[PDB]
Amino acid sequence: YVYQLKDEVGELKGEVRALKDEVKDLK
Amino acid sequence: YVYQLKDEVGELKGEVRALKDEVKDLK
Amino acid sequence: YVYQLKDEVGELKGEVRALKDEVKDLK
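What counts as what
Residues numbered from 1 in each chain as written, not as in the entry; some residues may be left out. Chains lettered and ligands numbered in written order. Heavy atoms only, no water. Helix = DSSP H or I, 4+ residues; strand = E, 2+ residues; numbered from the N terminus. Buried < 20%, exposed > 50% of the residue type's maximum accessible area, 1.4 Å probe, protein only. Least-squares fit on C-alpha atoms. Salt bridge = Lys/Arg side-chain N within 4 Å of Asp/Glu carboxyl O. Contact = heavy atoms within 4.5 Å. Buried area = accessible area lost by both parts, 1.4 Å probe. Polar contact = N/O pair within 3.5 Å; in protein donor to acceptor, adjacent residues only side chain to side chain. Nonpolar A, V, L, I, M, F, W, Y, C, P; charged D, E, K, R; others polar.

As recorded in the entry header, the structure was determined using X-ray crystallography to a resolution of 2.91 Å.

Encoded structure:
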């Protein structure tokens, strides 16, 4: 329940860093 | 405090899946 | 461990609101 969200927040976190990166190129 | 972040991580999580999707079309 | 993810979920959360915003202009 805490670990679950733990590693989870670790993936949306990466996923997001990516989005910021690729979209930023798109501009 | 844990539930709060719980359903919260459930929305940024979806929101993100969307962004990945729409932006990916943008490329 | 809970606080850590706490403020963390607070940043991906903002970061994401931004992405939704800027990408949405991109369309």
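Text resumes after the structure shown.
Points about the side chain of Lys-13 of chain C
Mapped onto the elements of the fold, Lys-13 of chain C is located in helix α1 (residues 2-26). Assessed through its relative accessible area of 18%, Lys-13 of chain C is described here as buried.

Focus on the relation of the copies chain B and chain A
With an RMSD of 0.0 Å, the fit of chain B onto chain A corresponds to turning through 120° and sliding 0.0 Å along the axis. Look at the turn and shift together and you get a three-fold axis relating the two.

Side note on the pattern of salt bridges
Overall, the coordinates contain nine salt bridges over all chains when judged by the stated rule. Here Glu-22 of chain A ties to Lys-24 of chain B by a salt bridge, and the two come within 3.7 Å at their closest N and O atoms. Of this pair, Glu-22 of chain A sits in helix α1 (residues 2-26) while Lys-24 of chain B sits in helix α1 (residues 2-26), on two different chains. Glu-22 of chain A gets classed as buried once you look at its relative accessible area, which sits at 18%. Here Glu-22 of chain C and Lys-27 of chain A are joined by a salt bridge, their closest N and O atoms 2.7 Å apart. Residue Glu-22 of chain C is located in helix α1, and its partner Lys-27 of chain A is located in the segment after α1; the two belong to separate chains. The network of salt bridges with shared partners includes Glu-22 of chain A together with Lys-24 and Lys-27 of chain B.

A look at the environment of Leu-5 of chain A
All names here are of chain A. If you trace the backbone, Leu-5 turns up in helix α1. With relative accessibility at 8%, the residue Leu-5 sits in the buried group. Between the C-alpha atoms of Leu-5 and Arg-17, which are twelve residues apart in sequence, the distance is 18 Å.

Some remarks on the interface of chain C and chain B
Often the size quoted for an interface is simply the accessible area lost on bringing the parts together. Of the residues lining the interface, 13 residues belong to chain C; the matching set on chain B comes to 13 residues. For the pair chain C and chain B, the summed buried area comes to about 1,100 Å², and 76% of that belongs to carbon and sulfur atoms. Of all residues in chain C, the largest losses of buried area upon contact with chain B belong to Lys-6, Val-9 and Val-16 of chain C, amounting jointly to 40% of the total for that side. Taken together, the links from chain C to chain B amount to three salt bridges. Run the count over chain C and chain B and you get three residue pairs in polar contact. Class assignment for the residues of the side of chain C that touches chain B results in eight nonpolar, no polar and five charged.

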